[PDB]
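A.B. asks: Partial complex follows, first chain(s) only, in situ:
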Amino acid sequence: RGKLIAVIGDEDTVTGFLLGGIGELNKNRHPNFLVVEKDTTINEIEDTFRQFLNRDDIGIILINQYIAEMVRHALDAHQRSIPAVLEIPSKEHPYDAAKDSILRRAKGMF
């Protein structure tokens, strides 16, 4: 009603989820997703991620596993319940349970 999920991932995953029914041009004329190709810089990825975090109206962010691991320090630097971020599997990188920030909160409880 007032919150729109966001997706960051390779061309395949962003295409899939933008089919899945997300992404919207807001009043400032921006999407709610980033395309990360082979020709992308980690710095640009963090810049867009911080912009999304500052955008309160997103609520949920979806990132695939290896990108979440590629930027692991800055993703863990933010702790807060409201702006949820979820790691999801991908094609050549199936999801790894042993690497997940939310599960690090439940350390040793296995």
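C.D. replies: Received it, and whenever you're ready, just let me know what you need. Residues are numbered from 1 along each chain as shown, chains lettered A, B, ... in the order given.
A.B. asks: and the gap between residue A:61 and residue A:18?
C.D. replies: 15 Å (C-beta to C-beta, to the nearest Å). Where C-beta positions appear, they are placed from N, C-alpha and C, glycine not excepted.
A.B. asks: quick one, which of those two is more surrounded?
C.D. replies: residue A:61 (19 against 14; other C-beta atoms under 10 Å).
A.B. asks: Just the CA trace of the helix or strand containing that one, in CSV.
C.D. replies: Using DSSP states H and E, residue A:61 sits in strand A:60-64. The C-alpha coordinates for strand A:60-64 follow below in CSV (Å, rounded to 0.1, in the frame of the first residue of the first chain):
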residue,chain,number,x,y,z
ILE,A,60,12.7,-5.1,2.0
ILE,A,61,15.8,-5.6,-0.2
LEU,A,62,16.8,-8.8,-1.9
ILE,A,63,20.4,-9.6,-2.8
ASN,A,64,21.9,-12.8,-4.1
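A.B. asks: List the pairing partners of that strand within its sheet, with orientation.
C.D. replies: When pairs are called by DSSP bridges, strand A:60-64 turns out to pair with strand A:6-9 (parallel), strand A:84-88 (parallel).
A.B. asks: moving C-terminal of the shortest one, what's the next helix or strand?
C.D. replies: Spelled out, it's strand A:6-9. helix A:11-20.
A.B. asks: so what's residue A:103 closest to, chain neighbours aside?
C.D. replies: Spatial nearest neighbour of residue A:103, excluding adjacent residues (C-beta to C-beta, 6 or more residues apart in numbering): residue A:97 at 7.0 Å.
A.B. asks: scratch that, residue A:11 is what I was asking about
C.D. replies: residue A:35 (6.1 Å).
A.B. asks: quick one: contacts for the nearest residue to residue A:5 once chain neighbours are set aside?
C.D. replies: Once flanking residues are discounted, residue A:5 sits nearest to residue A:60: 4.3 Å by C-beta to C-beta, 6+ apart. Residues counted as contacts of residue A:60 (C-beta atoms under 8 Å, 6 or more residues apart in numbering) are A:3, A:5, A:6, A:84, A:85, A:86.
A.B. asks: add chain B to the structure above:
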Amino acid sequence: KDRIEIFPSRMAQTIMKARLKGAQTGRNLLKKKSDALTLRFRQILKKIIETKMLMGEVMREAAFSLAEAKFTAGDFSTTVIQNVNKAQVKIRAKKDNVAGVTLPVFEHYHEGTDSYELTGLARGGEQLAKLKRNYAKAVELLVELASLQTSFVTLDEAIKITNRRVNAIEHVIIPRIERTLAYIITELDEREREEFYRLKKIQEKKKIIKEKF
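C.D. replies: One more piece, chain B, placed on the ones above:
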């Protein structure tokens, strides 16, 4: 520090006993709260793990649906990337009251708009419709999981702070009150025995003067 600074007296004992009783009741209330929150923490963690292991295989199914569609139709990534204007899925705020606090969760909703109903009209779109259905189901499940994880973090923080207060009370207040009460008891006994000595002495002196006659 060592004992609450109060001059010992008969009323002081009952006052400090009442304080100890109140502290014990507060301890009990915080302990039950911690237990209930911890049980819910267990349940939500197990549910998250289950939902995630299912989310993996459904995402694999959706990925293979994409692969099927890429053959039957070819490639349409630019066509769907560069025409985003409005969203078809929406999220509303919600909360659930558990253990006296609110757990924030999210309501998944179908927005009645549409932006990709006509794409691939002639080349072929059956695989596209299958991909559509698969990603709709995946989005539903992911919203469910994200709500669970947000509530999970909130509940963990709540457990942390209730146990914080429990340990503070248990490891500070009780021994202080006990030490104060013991000091009060010792001082009362001291005063009593001094009074006894003084009465005993006056009685002995009275006997001494009486024996003269």
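A.B. asks: Repeat for the contacts of residue A:60, accounting for chain B.
C.D. replies: Contact partners of residue A:60, counting by C-beta atoms under 8 Å, 6 or more residues apart in numbering or on different chains, are A:3, A:5, A:6, A:84, A:85, A:86, B:91, B:106, B:142, B:143, B:146.
A.B. asks: For the residues you listed, pick the one with the most neighbours.
C.D. replies: Each of the contacts of residue A:60 was scored for neighbours by other C-beta atoms under 10 Å in any protein chain shown, and residue A:5 scores highest at 28 neighbours.
A.B. asks: Please tell me how far it sits from chain B.
C.D. replies: According to C-beta to the nearest C-beta, to the nearest Å, residue A:5 and chain B sit 6 Å apart.
A.B. asks: Can you report how many residues lie near residue B:17?
C.D. replies: 12.
A.B. asks: Looks like it contacts residue B:178 (just checking).
C.D. replies: No - taking contacts as C-beta atoms under 8 Å, residue B:17 lies outside contact range of residue B:178: 10.5 Å.
A.B. asks: Stretch B:97-106 near chain A anywhere?
C.D. replies: Yes - residues of stretch B:97-106 contacting chain A under C-beta under 8 Å from any C-beta of the partner chain: B:104, B:106.
A.B. asks: Which of the residues in that stretch are classified as buried?
C.D. replies: By neighbour count with 16 or more other C-beta atoms under 10 Å in any protein chain shown, stretch B:97-106 contains the buried residues B:98, B:99, B:103, B:104, B:105, B:106.
A.B. asks: Show residues contacting it.
C.D. replies: A:3, A:59-60, A:81-82, B:33, B:36-37, B:40, B:91-96, B:143, B:146-148, B:150-151, B:154-155, B:158.
A.B. asks: Get me the contact residues on chain A for chain B.
C.D. replies: Going by C-beta under 8 Å from any C-beta, the residues of chain A near chain B are A:1-5, A:11-12, A:14-25, A:31-33, A:35, A:59-60, A:62, A:81-82, A:84, A:86, A:88-89, A:91, A:94-95, A:97, A:102, A:105-106, A:109.
A.B. asks: same structure, new chain, call it chain C:
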Amino acid sequence: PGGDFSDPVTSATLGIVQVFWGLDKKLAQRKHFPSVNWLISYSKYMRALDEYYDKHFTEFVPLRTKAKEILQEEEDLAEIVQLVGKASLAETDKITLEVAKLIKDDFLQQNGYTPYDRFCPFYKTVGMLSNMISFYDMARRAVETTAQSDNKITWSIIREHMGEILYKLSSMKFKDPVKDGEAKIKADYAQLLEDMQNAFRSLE
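C.D. replies: Time to bring in chain C:
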């Protein structure tokens, strides 16, 4: 000495005197005159007056027992609501707390300077307690009735719809015996009871 029971004279007097009217230093500090403790004081003459009541009034004893129960429940729940942040207030808890607080702040205190509070007749007290306990009981009945079937009633709608009734109930304290006669005050209380019934029937 020191506001305590350590005094052997005090113990001897308590062992003999029938009715003890102990005072409470904390409410004396709060200046809720009179400073009656209501938890340690006692009167072993209630049973003696049963015959006189059953002969002349026949309604005071139920109201009095209910008043004492509601006060005791509020006193016991005081610490429970204190140690939980006053957030887990069940519906019955809110009903009890509001009603007992109103009774303790309006129906259990008087100022001797004003002419309308230097003497409360027994019928005046009977009417006051009757009206207030009727308000409490009918509100509780409404809440519990709606809870089981549908649309559980909270105290917000009750305040909204019986705001006038509450101010009338609190202003029952200022119906001067000097100005208004016995018939006038009793008719006033009866009319306020009728108005409360009208408002509650409207919401029901």
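A.B. asks: can you check the contacts of residue A:60 again with chain C included?
C.D. replies: By C-beta under 8 Å, 6+ apart, the residues touching residue A:60 are A:3, A:5, A:6, A:84, A:85, A:86, B:91, B:106, B:142, B:143, B:146.
A.B. asks: hmm, back to that, what angle do the strand holding residue A:61 and helix A:11-20 make?
C.D. replies: 150 degrees (axes from the mean of the first three to the mean of the last three C-alpha atoms, to 10 degrees).
A.B. asks: how far out from the middle of the chain is the helix or strand following strand A:60-64?
C.D. replies: On the C-terminal side of strand A:60-64, the nearest following helix or strand under DSSP H and E is helix A:65-70. A distance of 9 Å separates the centroid of the chain from that of helix A:65-70, by C-alpha atoms, centre = their mean, to the nearest Å.
A.B. asks: Could you tell me how far the nearest residue to residue B:113 once chain neighbours are set aside is located from residue A:31?
C.D. replies: Distances taken as C-beta to C-beta, 6 or more residues apart in numbering or on different chains place residue B:86 nearest to residue B:113, at 5.3 Å, with adjacent residues excluded. Separation of residue B:86 from residue A:31 (C-beta to C-beta): 11 Å.
A.B. asks: Counting neighbours, go ahead and name the busier of the two.
C.D. replies: residue A:31 (19 against 12).
A.B. asks: For that one, give me phi and psi.
C.D. replies: For residue A:31, the backbone dihedrals are phi -80, psi -170 (criterion: degrees, to the nearest 10).
A.B. asks: cool, the one 4 residues further on as well?
C.D. replies: Dihedral angles phi and psi of residue A:35 (degrees, to the nearest 10) take the values phi -90, psi 120.
A.B. asks: And residue C:199, by the same measure?
C.D. replies: Per degrees, to the nearest 10, the backbone of residue C:199 is at phi -60, psi -40.
A.B. asks: Let me know the distance separating it from residue C:128.
C.D. replies: Residue C:199 is 19 Å from residue C:128, by C-beta to C-beta.
A.B. asks: Regarding the nearest residue to residue B:2 once chain neighbours are set aside, what is its secondary structure?
C.D. replies: Excluding its sequence neighbours, the residue lying closest to residue B:2 (C-beta to C-beta, 6+ apart) is residue B:179, at 6.6 Å. Classification of residue B:179 by DSSP: H, G, I helix; E, B strand; the rest coil places it in helix.
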